Amino acid sequence: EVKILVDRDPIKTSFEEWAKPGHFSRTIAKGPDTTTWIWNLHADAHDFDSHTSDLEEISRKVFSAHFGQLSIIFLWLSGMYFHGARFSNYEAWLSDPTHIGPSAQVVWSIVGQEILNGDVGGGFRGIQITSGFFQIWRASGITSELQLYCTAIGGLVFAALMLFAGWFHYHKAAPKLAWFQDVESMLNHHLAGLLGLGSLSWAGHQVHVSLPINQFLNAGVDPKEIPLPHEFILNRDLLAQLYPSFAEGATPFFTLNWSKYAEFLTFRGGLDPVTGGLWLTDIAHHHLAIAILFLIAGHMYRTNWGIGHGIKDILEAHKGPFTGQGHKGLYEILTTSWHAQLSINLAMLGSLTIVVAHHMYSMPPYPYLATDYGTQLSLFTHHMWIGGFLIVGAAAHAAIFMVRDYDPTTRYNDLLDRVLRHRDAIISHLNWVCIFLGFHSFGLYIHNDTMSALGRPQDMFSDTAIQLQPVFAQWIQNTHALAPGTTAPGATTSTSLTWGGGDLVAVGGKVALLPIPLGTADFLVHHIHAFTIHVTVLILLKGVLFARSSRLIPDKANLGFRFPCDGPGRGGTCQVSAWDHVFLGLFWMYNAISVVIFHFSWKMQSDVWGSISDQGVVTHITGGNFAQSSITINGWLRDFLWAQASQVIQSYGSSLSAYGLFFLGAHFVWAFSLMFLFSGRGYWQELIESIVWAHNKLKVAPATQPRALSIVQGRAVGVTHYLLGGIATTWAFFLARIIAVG
Amino acid sequence: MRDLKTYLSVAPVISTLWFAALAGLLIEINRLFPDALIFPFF
Amino acid sequence: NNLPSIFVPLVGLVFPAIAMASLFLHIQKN
Amino acid sequence: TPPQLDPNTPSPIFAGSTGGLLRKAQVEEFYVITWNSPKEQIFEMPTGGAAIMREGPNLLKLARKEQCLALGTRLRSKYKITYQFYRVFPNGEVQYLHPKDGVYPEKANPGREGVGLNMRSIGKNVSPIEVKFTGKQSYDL
Amino acid sequence: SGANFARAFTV
Amino acid sequence: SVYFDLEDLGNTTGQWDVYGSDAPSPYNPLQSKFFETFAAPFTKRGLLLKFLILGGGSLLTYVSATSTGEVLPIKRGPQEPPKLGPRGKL
Amino acid sequence: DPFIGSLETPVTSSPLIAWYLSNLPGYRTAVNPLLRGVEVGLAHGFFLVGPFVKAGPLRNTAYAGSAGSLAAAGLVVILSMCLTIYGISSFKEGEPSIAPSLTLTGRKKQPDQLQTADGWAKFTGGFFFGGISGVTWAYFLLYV
Amino acid sequence: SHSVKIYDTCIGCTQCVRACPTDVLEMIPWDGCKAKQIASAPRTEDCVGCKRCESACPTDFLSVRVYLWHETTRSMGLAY
Amino acid sequence: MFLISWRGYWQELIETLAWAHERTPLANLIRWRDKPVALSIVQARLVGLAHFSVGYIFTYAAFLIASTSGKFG
Ligand code: CLA
Ligand code: CLA
Ligand code: CLA
Ligand code: CLA
Ligand code: CLA
Ligand SMILES: CC1=C(/C=C/C(C)=C/C=C/C(C)=C/C=C/C=C(C)/C=C/C=C(C)/C=C/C2=C(C)CCCC2(C)C)C(C)(C)CCC1
Ligand SMILES: CC1=C(C/C=C(\C)CCC[C@H](C)CCC[C@H](C)CCCC(C)C)C(=O)c2ccccc2C1=O
Ligand SMILES: CC1=C(C/C=C(\C)CCC[C@H](C)CCC[C@H](C)CCCC(C)C)C(=O)c2ccccc2C1=O
Ligand code: SF4
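Residues numbered from 1 in each chain as written, not as in the entry; some residues may be left out. Chains lettered and ligands numbered in written order. Part of a larger assembly, values for the part shown. Heavy atoms only, no water. Residues with missing side-chain atoms left out of burial classes, pairs and counts.

In the PDB header, cryo-EM is given as the technique by which the entry was determined, and 3.29 Å as its resolution.

Have a look at this one:
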């Protein structure tokens, strides 16, 4: 049954292996004859599946790598906390948050870079930060620096503990294979233990520490006069004065009359007027409910006892109209190969990150976060980029599994075979829908441009000539506006202010949130989003499905997952491996994410953000020209790229010069990438031949003969440089513009 | 101890120590002599 | 005069149509 | 060796797929591969998916020679089974294709003629100027 | 806040 | 379970008309006679091609030339007074 | 036959779908192509008249109907020219038809006469006549 | 159809015959080397130009050479 | 397009499209005379270079003429 199984000292810690490189693979271990050897030593460093074949060693290596990664993350967190404690102006920002810019980095005075120490405010000079850490610390209840120092020390200690644990589990006591394959216990502990207890404990902290300190802060008291958090725990009088319910203690909870706790566990919803964030009582209530739900749901699978459920029984016994026998051999597939689990987890994490970004810009969960425009922009863009990258990687790992871990003899699955047997219909229909969507979505813009250039503004697809309104979205907005009165009797207001109707919420003369209207431009942009998403899905799905074999190459599995081509014959067979399909899909993911972030930035700068006056009128940043100027490509090039780049390029001689320097550097790297993307290997090898002759003429030729990069390495270098250049350009442009004008 | 020295003699580690020392020397020279566009010693 | 109103449609549409038809027929002809 | 025939051989168990024959099969040609299996076992089709081969003689139809050869070499490597495939035209002519001498090409056998042998090193070929204004090519000589 | 900034310029 | 034979290759390679129907003509005989009588001149291929090309060219040219200025903005001509160039050019 | 590059699915082979598809003018065999071409042209012209008269450059003036009908007639003429060119380039004069000669049952049937020079010529003539008639009938119905 | 030519530098290691995916090459007895055999390419019309044979050939320069030429249905690898 | 992406992916796409066209009703009465294949390698390189040159030339010509004509000085 379920038990702990370990092996004692599988490997011995010794420096002998460090002396010689490439010990994992024999062909690497032989010795270097050409430079290519070096480039291989890094390519197969983490290819644990190809070093050996036993599952036990792979699992142990995976565990140790996870521990190392956790240690690195803890070290990074400790460094951030120590920087916040030592070189920062947190205490100044605490008293006057609206007129002080956060900053936690100070530049030395070595060469002339001291001009980077801009005057953020509050008697401090330093680089303004846009990580949103200050809002997190304020919402946590931290009001000093000693607490931050203690947190940093604890983080360092935790990093050391994680490193020791990784070493101990790889070199002293290594879990056996049967320990890993016990997924029922893993799921039970991950649901009930990690997600339930953690959120319950955080709810306890929020109820006991964050709520009273934040109440005192919002009441207008000076930060240096607020009582320390432990005084609230020790003294019941202070809590009773702040909340009378605590005077009754824990008696009501055991008596099931929970309404007595309605003082600090509410259901109002909406945004708090003082700070423009969600009510902390609602957040604590939500955390408590989530804890209860997760603790309940973590006791579903049978482990070592009579009660519970079996995953294999659930999968096998499920009979449906469309599936049939269906899920039969999926349990072995998902418990035998690591790559399938990696693919599913990567897809789920990417989707979760994107949803996180959307929900976080929609409803600000931290105090004084909505009015900080740079923080919002940075958080949204960063999280969406991360989600896109993870979603892309999922397909690559699925292709790896399909290539090297799929055999129909020992493990057979009906649904997978049924999907494989009719791939042509899937690909054909996906291709047709992609063509149709792209044709319509881009033809609308081209038609708008052409009718504009000919002096025919009455034949456009616009808000005045021919209208295409998103009626369904408007209906949903109206239903959500009307919901709190009838559909949600408990909720006092709307879940978020984004839905049409309601009132503007502004903090300190700056607009925090107001309803976002939808028109023709939103229709067109959403259809463009759908088109790009569909094309990326088509590329990745084709790469995954046609990995094992194709009509052109009937034996593509033998060649492997990473092979440049098959030869000049058959008319040319370049880029048929699934790796090349991933390399092609990266560009389209980049395109889609760039378009989406551009849309979000322009819409927010045009129709939401701005300034409010004493009289009551609202003046937006760009004057609300998105509704009429974004229906043509000329409008996107002139009113958005040309107009908003003034702050980036005219930042020389000021405290934002680094942004312009990075703006130029990203352009240089993007132009550099085309050198690898466009050319071929033979020319470079033939040039290196003459260079090597010139070297040998002077008796300075090396023993490791130079060799041009392989084809796959060239493509990888090209795509890496391209992505880095584009992302850095967008980063510099966004940050400079939103810091200057926001 | 033999293999520790052998590992510390590998190319990346020796390269990073050498470049760090050179960067420190250049930084200290630039701090001691703030800025200079010509060679005024001779 | 009005020569463009007569000549532009001929060069724009009729002549390219005739050229395309003739060229396709000659290409596919065995 | 005398070429054999494939009169009435049955076929493996399959559920159907979209990677089968096309108009070229009705118009130009197709290929037929025959082998003999000692037990009913599951194998993987070149077109896509998995099928089951019966005991006794088995026959299959394919669209290109590469698919036939790939399936045959998989059978030889994994199941240790001899195989042979022919080419079929719309007119009904059947042409024997795989081992013509009854022996796989990797092993030498007397009675085989030499085709396309140049009795010189690859660097003794003449320059293209020598063969200009004539139909022949330098490597052809 | 002044001391935090001065920590960089101690030398 | 035999799917190959050499006597007749029609069913071997799949030469079927899936949706072919061989029912008699359901059209009214009078309608068919009228349509056959009135569609005779267009049966020939080369004559139809020449007629189509020549008639289309002639009709398009005539419509383009005869059309007045109300339908076509380019046939209306300019109305506003001319304006000078940047540096005083005409 | 599993090894043919096709699948049997509820949509591909259903009694209702097969009955509907076997009655369309383009799928009859014993009928001379002229009548089927006439029917196809009538349907296509009547369908085509609409969008030109509704979304053209002169949709807001009093010249919408005439301009749209003329545009539809031009499209019909161009389609007829394309059909004639394809028929000339594809099928030869004296050669027999290339239609399948047996059905799913395997019972032999007369090959379709559409896949021949004379048959395709009759089909194109019928399509041209039907398209012109449908265009003018739609124009008469819409604006009278 | 492409053109595959075998030169006399061959040593008869049987690698090119195994590497071919279309059964183009074969081996015949010979007397110009130690292994007493050489390669030959009878079924040239089936060659698809994949150049797999040239990849597995140990020699200072390859003893088997493939020159691309007029293309056709078989050499292009069309399944339709 | 032509300067980055290469042949095999497009050849597979054409394979699938050919199957789709052959398997559809009311559209299989029309048959192609030339089998559709993807472009060769040298042809794709030439096409990409031609597109690059045309775009370069047209963009610079437009910018130069418009910018010099706007001010006439
Ligand atoms: C991509 C989509 C797109 C669309 C929808 C439009 C739409 C429009 N254009 Mg623009 N245009 C585009 C791209 C597009 N354009 C591009 C790329 C250019 C080049 C720069 C132009 C340049 C342009 C010019 C120069 C002009 C227009 C004008 C117009 C109008 C004329 C349309 C017309 O008469 O033909 C419509 C013809 C049809 C035959 C419709 C066919 C489609 C049918 C409805 C299919 C439905 C299929 C069916 C339901 C499917 C299932 C079948 C089942 C039932 C069995 C129309 C509003 C004209 C104008 O001024 O209008 C105001 C005009 O002069 N356009
Ligand atoms: C090279 C020369 C050229 C010329 C001279 C024209 C000329 C014209 N274009 Mg075309 N066009 C061209 C190239 C050209 N085009 C190209 C390259 C494209 C692709 C971008 C288009 C795409 C295009 C669109 C999208 C539209 C036009 C339309 C028009 C018409 C606008 C006039 C008017 O205001 O409508 C007055 C009203 C009319 C409807 C005229 C009706 C009479 C027509 C011309 C038919 C006459 C029938 C005749 C028998 C045709 C068959 C002959 C055959 C050989 C062509 C006019 C006939 C518009 C149009 O006509 O809509 C259908 C329009 O919407 N053009
Ligand atoms: C209720 C107890 C429990 C808890 C809390 C966890 C929690 C976790 N497990 Mg799981 N796990 C459990 C039971 C538990 N597991 C069992 C019984 C099995 C065997 C079936 C596994 C199998 C397993 C594997 C194979 C892996 C994990 C991993 C992880 C980590 C994921 C990283 C993360 O999400 O950051 C959340 C961040 C924090 C909570 C870190 C704080 C440190 C925690 C609180 C330490 C205490 C936890 C530990 C279980 C108790 C100490 C035991 C020891 C003192 C005797 C996380 C520490 C992955 C990992 O990261 O590798 C190390 C991993 O690869 N788990
Ligand atoms: C969740 C974590 C995750 C994990 C654990 C893995 C795990 C694995 N991946 Mg997957 N992958 C992921 C996410 C992940 N992947 C994502 C998000 C993508 C999409 C890009 C991919 C796409 C992918 C590909 C395309 C491939 C793999 C492969 C591999 C395996 C080999 C790893 C390797 O050798 O690298 C060793 C380390 C390196 C080569 C480091 C390269 C340097 C990076 C690319 C530079 C990033 C630049 C930096 C941020 C910029 C700073 C600039 C400054 C330094 C100047 C390994 C088992 C490889 C395979 O063959 O599997 C068997 C392979 O071919 N993965
Ligand atoms: C703008 C981007 C770009 C750049 C910079 C280059 C650069 C160069 N080209 Mg390439 N090329 C490009 C695009 C580009 N190309 C494109 C689009 C094509 C069409 C396919 C080609 C095709 C091509 C051909 C056909 C040839 C070249 C050659 C050359 C070299 C010419 C000699 C010279 O200029 O050295 C000047 C050197 C530099 C400017 C390189 C940058 C130096 C870096 C910045 C220094 C490192 C500093 C810093 C510490 C970096 C650390 C990295 C970090 C990770 C730590 C040079 C490396 C020629 C050659 O190889 O000559 C020998 C040649 O044969 N190129
Ligand atoms: C997303 C992400 C992130 C974040 C994260 C987080 C934030 C986390 C958290 C986490 C958590 C927050 C966790 C928690 C946990 C907890 C636990 C694990 C607990 C436990 C407990 C216990 C064990 C207890 C016991 C006991 C006692 C002592 C008393 C009574 C009885 C009993 C027995 C119950 C970051 C930024 C980093 C980045 C990356 C990604
Ligand atoms: C530029 C280029 C090359 C040549 C690139 C090379 C040789 C990489 C050179 C990398 C560095 C700069 C070489 C030296 C690295 C050493 C570690 C230097 C040690 C000494 C000190 C500087 C540390 C290819 O081989 C190639 C192949 C296929 C497609 C495209 C291309 C391509 O674009
Ligand atoms: C898109 C693409 C294709 C597919 C492209 C195809 C099949 C061409 C499709 C052309 C259609 C018919 C449109 C042609 C439009 C032109 C206006 C017509 C030609 C005009 C001249 C004759 C004057 C490749 O085959 C390819 C091969 C190798 C590297 C890259 C690529 C590549 O990028
Ligand atoms: S190129 Fe390929 S198919 Fe042709 S002979 Fe060589 S290995 Fe065989």
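Moving on from the coordinates now.
Further remarks concern the arrangement of the chains. If you take every C-alpha in chain B and every C-alpha in chain D, the smallest gap between them is 42 Å, and the two do not touch. For the non-touching pair chain D and chain E, the nearest C-alpha separation works out to 67 Å. (Contact = heavy atoms within 4.5 Å.)

Looking now at the coordination of the magnesium atom of ligand 1. Protein coordination of the magnesium atom of ligand 1 is limited to a single donor, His447 of chain A (ND1), positioned at 2.8 Å. When you line up the elements, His447 of chain A lands in helix 20 (residues 423-453). (Donors = N, O, S within 2.8 Å, 3.2 Å for Na, K, Ca; no water. Helix = DSSP H or I, 4+ residues; strand = E, 2+ residues; numbered from the N terminus.)

Another aspect to go through is the site of ligand 8. Residue and element names in this part refer to chain I. Residues in close proximity to ligand 8 include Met1, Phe2, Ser5, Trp6, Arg7, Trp10, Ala38, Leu39 and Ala44, which together make up its full environment. Protein chains bury 42% of the 800 Å² of accessible surface belonging to ligand 8 in isolation. Here the shell around ligand 8 is built from residues that sort into seven nonpolar, one polar and one charged. (Near = heavy atom within 4 Å. Areas by Shrake-Rupley, 256 points an atom, 1.4 Å probe, with all protein chains shown as cover. Nonpolar A, V, L, I, M, F, W, Y, C, P; charged D, E, K, R; others polar.)

To continue, consider the coordination of the magnesium atom of ligand 4. Exactly one protein atom donates to the magnesium atom of ligand 4; that atom is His397 of chain A (NE2), 2.7 Å from the metal. Summarising the element assignment, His397 of chain A is placed in helix 18 (residues 373-404).

In the vicinity of ligand 2, the residues found are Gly12 of chain C, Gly56, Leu60 and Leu72 of chain F together with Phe52, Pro57, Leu58 and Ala67 of chain G. Site remark: ligand 2 is flanked by residues from chains C, F and G. Grouping the amino acids of the shell around ligand 2 by side-chain chemistry returns six nonpolar, two polar and no charged.

Between two packed helices, the angle of one axis relative to the other and the distance separating the axes together describe the packing. Where helix 20 of chain A meets helix 1 (residues 7-22) of chain I, the axes come as close as 9 Å, and the angle between the chain directions of the two elements is 95 degrees. As summarised for this structure, helix 20 of chain A and helix 1 of chain I are arranged roughly perpendicular, according to the angle between their axes. On the side of helix 20 of chain A, the interface is formed by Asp424, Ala425, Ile427, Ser428 and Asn431 of chain A, while helix 1 of chain I contributes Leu13, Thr16, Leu17, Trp19 and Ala20 of chain I. Residues that form the contact of helix 20 of chain A with helix 1 of chain I fall into these classes: six nonpolar, three polar and one charged. (Axes fitted to C-alpha atoms, helices over the stretch in contact; angles between N-to-C directions. Parallel < 35°, antiparallel > 145°, perpendicular 65-115°, else oblique.)

Our focus in this paragraph is the pairing of strand 6 (residues 510-513) of chain A. All names here are of chain A. Where strand 5 (residues 505-507) and strand 6 come together, three bridges link them in antiparallel fashion. When the bridges of strand 6 are listed, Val505 appears paired with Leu513. The turn linking strand 5 back onto strand 6 is made up of two residues, and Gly508 within it adopts a positive phi angle of 60 degrees. (Pairing = 2+ DSSP bridges.)

Let us now look at the pattern of salt bridges. Oppositely charged side chains are able to pair whenever their charged atoms sit close together. Under the counting rule described, the total for this entry stands at 42 salt bridges over all chains. Taking the shortest distance from any N to any O, the salt bridge between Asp459 of chain A and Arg456 of chain A comes out at 3.4 Å. Look at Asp459 of chain A and you get buried, because its relative accessible area is 10%. Taking the relative accessible area as the measure of exposure, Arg456 of chain A reaches 31% and is therefore partly exposed. Across the salt bridge formed by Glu26 of chain H and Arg43 of chain H, the nearest N and O atoms sit 2.9 Å from each other. Of this pair, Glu26 of chain H sits in strand 2 (residues 26-29) while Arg43 of chain H sits in the loop between strand 3 (37-40) and helix 2 (52-55), and the two are 17 residues apart along the sequence. For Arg43 of chain H, a relative accessible area of 15% gives the class buried. Put simply, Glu29, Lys65 and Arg87 of chain D together with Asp23, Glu26, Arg43, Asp46 and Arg74 of chain H are held in one network by salt bridges that share partners. (Salt bridge = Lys/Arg side-chain N within 4 Å of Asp/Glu carboxyl O. Buried < 20%, exposed > 50% of the residue type's maximum accessible area, 1.4 Å probe, protein only.)

So, on to the sheet that holds strand 4 (residues 56-62) of chain D. Residues and elements named next belong to chain D. If you trace the four strands from one edge of the open sheet to the other, you get 4-1-5-6, paired in antiparallel fashion. Looking along the sheet, the strands with just one partner apiece sit at the ends: strand 4 and strand 6 (94-96). On average, adjacent strands in this sheet sit at an angle of 25 degrees to one another, irrespective of strand direction.

Next up on the list: helix 18 of chain A. In this model helix 18 of chain A runs 47 Å from its N-terminal to its C-terminal C-alpha over 32 residues, within 8% of the 46 Å that 1.5 Å per residue would give. The element helix 18 of chain A is largely enclosed, with a buried count of 24 among its 32 residues. (Expected span 1.5 Å × (residues − 1).)

This part takes up a nonpolar patch on the surface. All names here are of chain B. A cluster of nonpolar residues, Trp18, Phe19, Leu22, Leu25, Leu26, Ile29, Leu32, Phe33, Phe39, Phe41 and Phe42, forms a patch on the protein surface that exposes about 1,500 Å² of accessible area. Checked against the element boundaries, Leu32 lands in helix 2 (residues 11-32). Residue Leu32 is classed as exposed on the basis of its relative accessible area, which comes to 58%. (Patch = residues over 30% accessible without salt bridge, like charges linked within 9 Å, V, L, I, M, F, W, Y side chains within 5 Å.)

On to the interface of chain F and chain G. For an interface, size is often stated in terms of accessible area lost upon the parts coming together. Between chain F and chain G, the residue contacts involve 33 residues of the former and 44 residues of the latter. Buried area between chain F and chain G, both sides added, is near 3,500 Å², and the carbon and sulfur share of it is 71%. Among the residues chain F hides against chain G, the three largest losses belong to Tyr19, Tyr27 and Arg45 of chain F. Together they make up 24% of the total. Taken together, the links from chain F to chain G amount to one salt bridge. Salt-bridge contacts for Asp17 of chain F lead to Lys109 of chain G; the nearest nitrogen and oxygen are separated by 3.2 Å. Our enumeration of links across chain F and chain G arrives at four residue pairs in polar contact. Contributing elements (two or more residues each) for the side of chain F that touches chain G: helix 1 (29-38) and helix 2 (45-66) of chain F. In terms of residues, the side of chain F that touches chain G owes the most to one element, helix 2 of chain F, which gives six residues. Of the residues belonging to the side of chain F that touches chain G, the class tally is 17 nonpolar, 11 polar and five charged. (Buried area = accessible area lost by both parts, 1.4 Å probe. Polar contact = N/O pair within 3.5 Å; in protein donor to acceptor, adjacent residues only side chain to side chain.)

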